[PDB]
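One chain follows as structure tokens, the form deposited in one PDB entry.
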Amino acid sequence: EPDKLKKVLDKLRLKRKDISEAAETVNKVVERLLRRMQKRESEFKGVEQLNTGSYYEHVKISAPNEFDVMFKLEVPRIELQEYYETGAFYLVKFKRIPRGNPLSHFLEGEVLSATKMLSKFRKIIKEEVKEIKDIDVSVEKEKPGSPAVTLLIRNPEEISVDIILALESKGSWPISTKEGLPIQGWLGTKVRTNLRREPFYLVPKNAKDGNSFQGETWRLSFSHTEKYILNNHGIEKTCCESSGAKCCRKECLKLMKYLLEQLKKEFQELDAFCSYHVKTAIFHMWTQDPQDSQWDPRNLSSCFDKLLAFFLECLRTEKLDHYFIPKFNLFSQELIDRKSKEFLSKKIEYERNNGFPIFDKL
């Protein structure tokens, strides 16, 4: 099957008219719901879209039926208090609450409450999707702890769009990330330095392990940095550019994400796995094999296979480090049953062992 994976890729490659019309309507809903948030004298007044990539590039590495957009808000200087043992989850206080700043509305004691803030955010969003009648869009019901306000756009069929509130901090990145982003031998030290001068983001995802200061915790997000890595992924500056050579890095990612996606459809036993796991694993793969020659389109089968083997080893050692927070083990026993890891390993091996019958979709 040296070219069977290309057949999968080509069948996946979607209607450029499906991309445009869907990206245009998701855009319109977002760009107007954004515009209508900045003119409402709420606390989110100064909100902006964070540049994390369009629906256009999204479909090339992920499933078209599910999208996400991040609304960033810059907040006065804040101090981060590490919430327990991940280096990813935080309680947030203001170093000093500027007078008349309406974000004080959301405090729960001294800490900025992700729940209070996300609840009003949800309220304003819900309140303007209701005036939207140019498009068929509804707000799906609340799943607790989730950072998203999920829109369901069904102009013809259904596309869920997560709207994610993001606090933006221009200060130095938190110390749990200090040896994260190990791109020095791949994208290099000047790149790493300039990415770590960018802001970082906090999304209202609560951690689930405490004495009722859980509803106030936030989680670090590096979506903007991840966009950069995904689009600037070669050691050569012209990798996958018009005047440079193609690599199969992104193709391997699309294939891995499509494989997880089809497995997750058949087996609710796979509920705990998610695209971020696969994306995290390929970041490590790209660090380990940083040479563009190690990702030759002609070697797609081998490259895909070494990503599968790497992922399988993460499952078996129950270790998959967050690429930006080496402390944070996404595959720890606290988070994913060992029986679920073993289940996914079984299914992946089976597909690996038998020429990927699940891609048998002609």
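Think of the rigid core as the biggest set of C-alphas that the two forms share within 1.5 Å after superposition. Numbers follow the displayed sequence, beginning with 1.
There is another form of the same protein, the form deposited in another entry; it is not shown, and what comes next is about it.
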Rigid-core fit between this form and the one not shown, the member of 95, 197, 123, 130 whose C-alpha shifts 2 angstroms or more
130
C-alpha of residue 346 moved at least 2 Å between this form and the one not shown on rigid core
no
Core-aligned CA displacement of residue 174 at least 2 Å between this form and the one not shown
no
Per-residue C-alpha change between this form and the one not shown, residue 16, threshold 2 Å, rigid core fit:
yes
